[PDB]
Amino acid sequence: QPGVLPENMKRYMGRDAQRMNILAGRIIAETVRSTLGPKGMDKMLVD
Amino acid sequence: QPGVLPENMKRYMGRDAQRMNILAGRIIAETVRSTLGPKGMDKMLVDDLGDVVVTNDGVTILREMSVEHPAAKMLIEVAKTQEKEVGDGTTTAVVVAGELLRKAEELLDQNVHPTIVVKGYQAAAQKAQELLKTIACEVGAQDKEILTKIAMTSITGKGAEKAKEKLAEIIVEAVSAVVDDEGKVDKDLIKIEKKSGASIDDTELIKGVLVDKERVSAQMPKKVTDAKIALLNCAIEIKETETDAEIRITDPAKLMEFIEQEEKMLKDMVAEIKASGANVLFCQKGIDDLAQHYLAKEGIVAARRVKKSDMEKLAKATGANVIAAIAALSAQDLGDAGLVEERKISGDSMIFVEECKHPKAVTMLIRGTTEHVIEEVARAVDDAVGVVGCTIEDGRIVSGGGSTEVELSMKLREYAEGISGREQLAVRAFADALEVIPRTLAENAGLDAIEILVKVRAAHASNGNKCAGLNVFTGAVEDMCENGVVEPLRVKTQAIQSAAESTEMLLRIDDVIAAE
Amino acid sequence: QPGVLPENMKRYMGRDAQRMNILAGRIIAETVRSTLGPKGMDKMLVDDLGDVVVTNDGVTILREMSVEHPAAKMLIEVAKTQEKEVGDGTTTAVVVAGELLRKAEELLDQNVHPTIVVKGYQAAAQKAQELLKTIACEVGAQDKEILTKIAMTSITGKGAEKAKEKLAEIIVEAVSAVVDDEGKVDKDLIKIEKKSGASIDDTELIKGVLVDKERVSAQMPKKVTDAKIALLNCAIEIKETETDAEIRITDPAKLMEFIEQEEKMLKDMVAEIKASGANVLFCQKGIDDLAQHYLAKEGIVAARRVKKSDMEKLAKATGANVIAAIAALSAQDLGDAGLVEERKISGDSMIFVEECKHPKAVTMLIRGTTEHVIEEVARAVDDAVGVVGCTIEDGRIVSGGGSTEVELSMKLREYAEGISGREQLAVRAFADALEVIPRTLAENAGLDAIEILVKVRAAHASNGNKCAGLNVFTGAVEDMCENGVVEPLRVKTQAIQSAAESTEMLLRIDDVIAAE
Amino acid sequence: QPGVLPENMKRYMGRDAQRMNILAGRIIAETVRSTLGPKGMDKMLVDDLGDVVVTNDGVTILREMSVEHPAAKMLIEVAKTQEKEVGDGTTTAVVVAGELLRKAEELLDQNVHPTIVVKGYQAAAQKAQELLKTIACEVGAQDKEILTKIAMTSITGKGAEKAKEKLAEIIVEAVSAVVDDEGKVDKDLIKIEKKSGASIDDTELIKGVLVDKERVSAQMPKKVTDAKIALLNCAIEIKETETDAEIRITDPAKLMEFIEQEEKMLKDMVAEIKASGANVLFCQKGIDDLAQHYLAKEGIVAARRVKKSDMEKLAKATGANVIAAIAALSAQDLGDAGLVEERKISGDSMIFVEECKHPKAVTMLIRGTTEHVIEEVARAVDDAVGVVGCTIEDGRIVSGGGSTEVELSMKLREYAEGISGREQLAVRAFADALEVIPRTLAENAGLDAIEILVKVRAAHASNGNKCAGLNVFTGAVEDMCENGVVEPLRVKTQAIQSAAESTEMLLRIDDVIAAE
Ligand SMILES: Nc1ncnc2c1ncn2[C@@H]1O[C@H](COP(=O)(O)OP(=O)(O)O)[C@@H](O)[C@H]1O
Ligand SMILES: Nc1ncnc2c1ncn2[C@@H]1O[C@H](COP(=O)(O)OP(=O)(O)O)[C@@H](O)[C@H]1O
Ligand SMILES: Nc1ncnc2c1ncn2[C@@H]1O[C@H](COP(=O)(O)OP(=O)(O)O)[C@@H](O)[C@H]1O
Ligand SMILES: [Mg+2]
Ligand SMILES: [Mg+2]
Ligand SMILES: [Mg+2]
């Protein structure tokens with residue numbers, strides 16, 4: 001009757017794990033992409 | 001991840017299912033145990049609207065409690081079947097069922113399998129029916145003296161006990177009067193009427209019916225001796241056609257011609273009623289105010305809008321035919337009564353149709369000081385009507401006071417001897433179960449059940465008086481037949497068979513699955 | 001496991017059931033104890049709407065408090081039956097019942113079993129019925145002197161006892177006038193009207209009826225002496241056929257032809273009425289405006305839309321027959337009254353039909369200063385009408401003031417001496433119970449109940465005076481019959497039987513099951 | 001108004017009290033029945049924190065459930081006392097109590113009075129204690145072969161039974177080693193240590209103790225053979241006076257002079273210890289960091305802040321006196337051990353004091369692969385230690401496998417013969433109840449209880465074999481004694497006495513009053 005793995009838990013397997021890590025990675029990279037080089041632009045971050 | 005069986009569901013398996021059904025059964029039985037016998041006590045039940053029932057009656061107590069538990073519901077139907085088939089012995093049946101369940105628990109606790117107790121119970125029940133047949137005494141359908149003992153035994157241990165002699169004689173006369181050509185008794189032909197009065201003793205048998213009506217016009221007689229009674233299924237009113245018809249008047253003089261044509265049709269109807277020889281009329285439908293007058297003019301007593309169920313009993317009581325077309329009424333459709341009278345009983349106006357020569361329906365007018373006192377007399381009368389009716393139909397009776405149960409137990413134990421293996425335990429348990437009746441009769445009487453049983457059994461042993469039972473007043477074991485403590489065979493056969501069948505059904509259950 | 005008996009349920013078993021029933025019963029008796037006898041006091045009951053009743057009347061008190069306790073309700077049924085069967089003695093019946101329950105508890109507390117108590121109570125009650133028959137005195141239905149004492153005894157101790165001589169005389173005449181052919185008395189035949197006035201002493205008997213109507217046209221006489229009265233239950237309008245009918249008009253000259261035929265049908269209907277010799281007319285239905293004119297032209301007093309209940313008392317008082325077709329009316333359907341007059345009473349105009357010769361119905365017109373004073377007078381008149389009716393019907397009275405209960409008590413103890421067993425205790429208890437009446441009469445008068453009881457018993461001892469009771473004023477013991485303190489046998493026989501029966505019923509209860 | 005007893009209160013009287021107590025008893029017993037014997041099964045208990053216990057141990061199961069029901073709690077005491085007095089047979093004691101209640105119900109449902117049942121049970125119980133004394137066999141406290149069977153019987157059905165033979169020999173050696181000079185066994189003298197490892201088979205007996213400590217300085221020897229052990233409960237720190245004292249320095253020379261005095265008296269303490277000949281020291285209090293250095297220099301192994309419990313075990317094991325003053329330390333206070341060694345065990349550093357010659361306390365080091373596997377091995381070890389201890393103390397054993405209960409049951413039925421009256425029913429009922437053990441043993445083994453009980457009884461009949469019982473594996477009845485299935489007399493005497501006393505106490509109850 002009871003669950004084996006904790007019930008308050010999100011799980012991502014195979015293609016889904018790969019997709020989330022690859023995506024999270026790509027998105028992080030593209031946030032800073034536009035800062036690169038002599039013609040790079042800046043960011044304003046507000047906490 | 002998701003559950004297969006509904007998640008909002010309580011389940012009880014094996015020992016747990018058995019325990020809940022056995023327990024629910026035993027508890028139901030012990031609620032009514034104390035009502036049993038001459039020394040039985042009553043219950044007061046109050047419903048959620050504040051209404052009250054005080055009664056000794058086993059099936060009434062069980063329906064009035066609003067039992068929800070599923071197993072308990074199953075043996076309450078033992079009471080309902082007993083009520084429907086016999087009309088008496090409703091606590092006996094339930095108390096036997098509860099004890100069969102209790103004795104089965106003892107067997108299950110020794111690892112006897114449920115299907116084996118079931119098998120033994122079926123065998124014992126079947127032997128029981130066989131032993132009952134040989135135990136029963138034959139009586140004639142018109143043996144007034146025995147029928148009177150049958151009714152008196154029924155009324156014993158109720159409030160109405162004090163007047164049981166008068167009541168029994170009335171009841172025996174009432175039931176014998178409605179016996180049909182096949183020798184059958186239809187309880188519904190004994191109308192029960194309940195009216196406050198001076199005493200339970202004022203209860204009386206009417207050879208006829210009470211109609212909850214007054215005559216339609218105070219100009220009519222309110223008393224008729226040797227009445228000639230007409231019964232009409234149609235309205236004494238201007239008859240309209242089924243096809244839509246309308247009157248067109250273009251000449252002012254035609255107004256009166258139509259009004260006077262209608263007025264004449266009415267007068268013609270009354271004229272046809274008078275011609276049949278009728279001097280009393282009951283009409284299921286309406287009587288035109290104008291017709292009322294003509295009937296009064298002709299000296300004919302009439303009541304209008306009588307209930308259809310009243311028309312039917314009037315027909316049964318007076319020997320009249322309910323006619324549906326006034327034109328068709330003939331002297332031959334009239335019934336007879338020695339006396340039709342409008343009078344007041346405890347403040348209410350009613351029409352008494354009485355002293356009918358050979359009524360096929362009859363009325364018992366139950367009197368008593370208060371409404372609840374009267375209710376309980378009526379329940380007693382009902383039991384008595386039931387058993388007098390069974391006796392008339394079956395012509396077979398047994399002695400009461402637990403004498404027959406002891407005879408059965410004793411004989412069943414003999415039977416169990418020749419039964420091999422484990423099933424023998426079940427058969428012996430069934431035999432021991434039946435002694436719950438003599439045991440409960442003694443204990444309600446404040447007597448010691450164990451010693452009482454020793455004596456009654458000894459009186460059955462060898463040969464051996466099948467009628468020996470405990471007089472709960474003297475404390476002596478006596479011949480119950482000689483003492484007039486007797487009941488119809490059908491009480492025992494029905495009670496034992498349903499107790500067996502219902503408990504067998506419960507004992508087969510190994511899994512209770514309850515939703516919501 | 002689930003529960004077997006439903007869980008919303010309260011349950012009281014054995015000693016607890018007995019206690020709640022005995023207590024509930026007793027508390028019900030104690031609330032009306034103080035109303036008993038000539039020194040009795042009154043209750044003011046206010047309901048949840050703010051409406052007020054003040055009364056000495058036991059059954060009225062019990063009905064008005066909205067009692068919900070189940071055992072209390074059963075005792076209240078005792079008061080309701082006393083009221084229905086007798087019309088007086090409702091406090092007495094309930095007080096005796098309460099005491100019977102009190103005496104039973106003493107026997108239960110020393111371990112007498114309930115069935116023995118009820119058996120003893122049943123035995124004493126039956127004995128008491130037959131003793132009461134020997135104690136009763138014979139009286140003739142036309143013995144007005146004795147009926148008057150009966151009515152006066154009834155009225156004593158109530159608001160109204162100031163006017164008790166004229167009142168009693170009026171009531172004796174009223175009831176005597178409505179005695180039927182079988183010698184029976186239907187209370188419904190005495191109409192009670194209540195109207196503010198100068199004084200309770202303005203109350204009067206009308207040999208006729210009071211009709212809450214005005215004549216339909218002011219052009220009619222307000223007064224007619226030696227009236228011939230027509231009673232119609234059909235309207236005086238153009239009669240419409242039962243089958244649907246429509247006039248079709250193609251000639252403009254026919255418009256008027258029909259209109260005039262219809263007002264000719266009106267003149268005709270009126271002229272038929274006049275032809276009968278009728279000068280007063282009561283119609284259950286309507287009367288065309290134009291008929292009202294014609295009637296008025298002919299000098300006929302007509303009321304319209306008279307209650308059917310009014311029509312019926314009109315017929316009974318005047319001798320008229322309620323006629324359904326104006327075409328039928330004849331001189332022989334007409335009623336007579338010495339006087340018919342429309343007049344104002346309490347600023348309300350009404351039609352008095354009075355000075356009838358052989359009225360089968362009459363009207364007590366009860367006067368008094370305020371509505372509440374009047375309500376209580378009417379209650380006392382009701383009681384007196386009941387007892388006068390009982391005496392007329394039964395011809396049997398007993399002495400009052402608790403003398404009959406003391407006589408009964410003394411004789412029951414004698415009887416009890418011959419009773420062997422535990423049932424003797426119950427018979428003695430019943431005997432003692434009955435003394436609650438002389439004891440309460442004396443408590444309410446502030447006398448010493450124990451001492452006066454010794455005196456009254458002494459006067460009944462030997463073969464003394466069965467009629468000896470305590471005079472609550474004088475303080476002495478005297479012949480109550482001689483003092484004219486008397487009551488119908490029926491008050492005592494019904495009160496004792498009801499108290500016996502309903503308490504035997506409660507004493508049989510060993511288990512109370514209350515839902516919710 | 002108002003209530004005498006508190007309104008927020010549940011109550012159960014007579015049959016209802018008997019029922020809830022009996023029921024609660026039975027259900028508690030049913031909970032552990034399946035854990036009984038060689039084919040017994042285990043329970044997993046999870047508490048509200050989510051911590052889990054897996055066991056076969058009857059009393060452990062009952063303590064870990066959160067039983068709140070009051071009658072259930074009474075029966076759980078039966079298990080707790082069995083655990084304290086014997087250390088084994090907790091399921092048995094509770095299962096017998098459960099059956100005693102069940103058996104009593106069938107008597108109560110016959111109207112045998114509770115006091116009669118209680119009386120019969122007391123008499124049967126007392127007879128049972130006399131019969132057990134004659135049934136028991138005598139054994140010598142040094143009979144290692146029988147002690148070993150006692151231990152093996154105890155561990156059978158547990159889990160650790162795979163390692164039964166080695167475990168049992170260890171246990172017998174362990175208990176023999178701590179028997180005192182009056183022949184008593186204090187099970188507290190067998191220290192239990194539980195350490196994960198390669199398998200249950202690695203469990204060993206240590207003649208000495210495991211101290212969960214590390215030597216105070218790495219410079220001290222890690223290992224020492226034929227060690228001379230000092231046990232101190234005084235701290236090896238600078239001694240302060242009890243009276244408040246303070247140093248006053250006025251000359252800056254005395255600064256270092258007080259400092260040097262403090263460290264010389266410290267060096268003097270160590271020199272006093274060295275002088276006793278000790279080369280291993282256990283101090284209950286703290287040791288100065290400087291003393292540690294000195295001790296290390298003198299090659300003396302020392303552990304500080306040792307819990308008193310260990311100090312006491314060390315004394316018992318090595319034969320040292322725990323000394324409270326360093327000045328008083330003598331070579332005659334020193335204990336002896338073959339080997340003292342700091343070792344890691346499963347990554348845990350501990351000091352082993354082992355190979356003592358005649359240790360008065362010893363240590364069983366229990367091994368296993370997982371924590372929970374070890375937990376249950378340790379419970380089984382405790383059961384066995386308990387029964388080996390009983391046998392050494394009492395010198396009485398009985399055969400197991402239900403053999404003794406059957407002999408007991410059979411003899412008790414003989415005894416019932418000579419009991420007069422109803423009490424006889426109860427004595428027989430007690431007799432029957434004991435058979436729940438053989439019946440349950442068979443059930444758990446999937447065998448048919450009824451037929452095996454017939455065989456085992458017949459093997460006891462006449463001068464049969466008191467040791468005859470059912471072998472659950474073969475299915476044959478066998479001489480349980482000869483098969484080495486034996487138990488201390490005390491298991492049975494305690495279980496039966498406890499069962500009897502607690503059920504007698506419960507059966508005396510006719511009224512349950514619960515608050516809140
Ligand atoms: N005079 C008597 N003496 C002994 N037993 C009697 C007597 N009259 C009736 N009984 C027994 O009482 C039982 C029926 O009692 P009752 O309360 O009516 O229960 P049920 O609802 O089952 O009919 C039967 O066994 C009947 O024989
Ligand atoms: N003049 C009197 N002297 C003594 N007792 C009287 C007198 N008049 C009436 N009683 C008694 O008063 C009792 C009736 O009192 P009442 O308050 O009307 O009660 P209930 O409603 O029961 O009739 C009767 O017992 C009657 O005998
Ligand atoms: N080899 C065996 N054959 C049959 N019965 C046995 C055997 N070993 C032990 N028993 C029985 O099992 C019972 C004890 O089982 P156990 O599960 O330890 O319960 P308890 O907690 O009551 O000691 C005793 O009755 C004992 O006789
Ligand atoms: Mg019956
Ligand atoms: Mg009165
Ligand atoms: Mg064990």
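Within each chain the first residue of the written sequence is number 1 and the count goes on from 1 in that order, possibly differing from the entry; residues lacking coordinates are omitted. Written order determines the labels here, with chains lettered from A and ligands numbered from 1. What you see is a piece of a larger assembly; the numbers all apply to this piece alone. Hydrogens and water molecules were not included; the side-chain quantities draw on all heavy atoms of the structure.

Caption draft 1: Spatial organisation of the interface of chain B and chain D. Any two residues whose heavy atoms approach within 4.5 Å are treated as being in contact. With 20 residues of chain B at the contact, the number on the chain D side is 19 residues. Accessible area, probed at 1.4 Å, shrinks when two parts are joined; the buried area is that loss added up over both. Here chain B packs against chain D, burying approximately 1,700 Å² in sum over the two surfaces, 35% of which is carbon and sulfur. For the chain B face of the interface with chain D, the top three residues by lost area are B:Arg19, B:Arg422 and B:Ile450, together amounting to 31%. By salt bridge we mean one thing: a side-chain nitrogen of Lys or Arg within 4 Å of a carboxyl oxygen of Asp or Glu. Remark: the boundary between chain B and chain D carries eleven salt bridges. Across the salt bridge formed by D:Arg422 and B:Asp448, the nearest N and O atoms sit 2.8 Å from each other. We define a polar contact as two N or O atoms separated by no more than 3.5 Å, with the added condition that, inside protein, one atom must be a possible hydrogen donor and the other a possible acceptor, whereas residues neighbouring each other in sequence contribute only through side-chain atom pairs. Taken together, the connections running from chain B to chain D amount to ten residue pairs in polar contact.

Caption draft 2: Expanded view of helix α10 (residues 308-318) of chain B. Within the span of α10(B), buried status applies to B:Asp310, B:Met311, B:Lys313, B:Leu314, B:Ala315, B:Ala317 and B:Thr318. Following α10(B) by one or two positions, B:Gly319 has its phi on the positive side, about 85 degrees. Whether a residue is buried, partly exposed or exposed follows from its accessible area with a 1.4 Å probe, protein chains only, as a fraction of its type maximum: under 20%, in between, or over 50%, in that order. A run of H or I in DSSP becomes a helix once it reaches four residues, and a run of E becomes a strand once it reaches two; helices and strands are each numbered from the N terminus.

Caption draft 3: Spotlight on the relation of the copies chain B and chain D. Between copies, superposition is a least-squares fit restricted to the C-alpha atoms. By a simple turn and slide, chain B fits onto chain D: the slide is 0.0 Å along the axis, the RMSD is 0.3 Å, and the turn is 180 degrees. In symmetry terms, the pair is related by a two-fold rotation axis. Ranked by how close their C-alpha atoms come to the rotation axis, the residues of chain B are headed by B:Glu106, at 4.0 Å. In this assembly the copies share their binding face: 95% of the residues contributing to the interface of chain B also contribute to that of chain D.

Caption draft 4: Main features of the pattern of salt bridges. Residue and element names in this part refer to chain C. All told, the structure shown has 131 salt bridges over all chains when counted by the stated rule. With its nearest N and O atoms 4.0 Å apart, the salt bridge here joins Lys103 to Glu106. Taken together, the positions of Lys103 and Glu106, both in helix α4 (residues 90-109) and three residues apart, correspond to about one turn of that helix. Classification of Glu106 by relative accessible area gives partly exposed; the value is 34%. The shortest N-O distance in the salt bridge between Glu342 and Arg215 comes to 2.8 Å. In this pair, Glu342 is assigned in strand β13 (residues 335-345) and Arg215 in the loop between β7 (209-211) and β8 (223-232), connecting sequence segments 127 residues apart.

Caption draft 5: Representation of a positive patch on the surface within the structure. On the surface, B:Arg63, B:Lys73, B:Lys80 and B:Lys84 cluster together into a positively charged patch. Structurally, B:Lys84 can be placed in helix α3 (residues 70-85). Patches in this entry comprise residues that are over 30% relatively accessible and not in a salt bridge; like charges within 9 Å are linked, as are nonpolar side chains (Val, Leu, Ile, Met, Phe, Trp, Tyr) within 5 Å. Computed by Shrake-Rupley with a 1.4 Å probe, the accessible areas treat only the displayed protein chains as cover when residues are assessed. In this charge count, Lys and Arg are treated as positive and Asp and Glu as negative; neither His nor the chain ends contribute. To locate a charge, the coordinates of NZ of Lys, CZ of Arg, CG of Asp or CD of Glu are taken.

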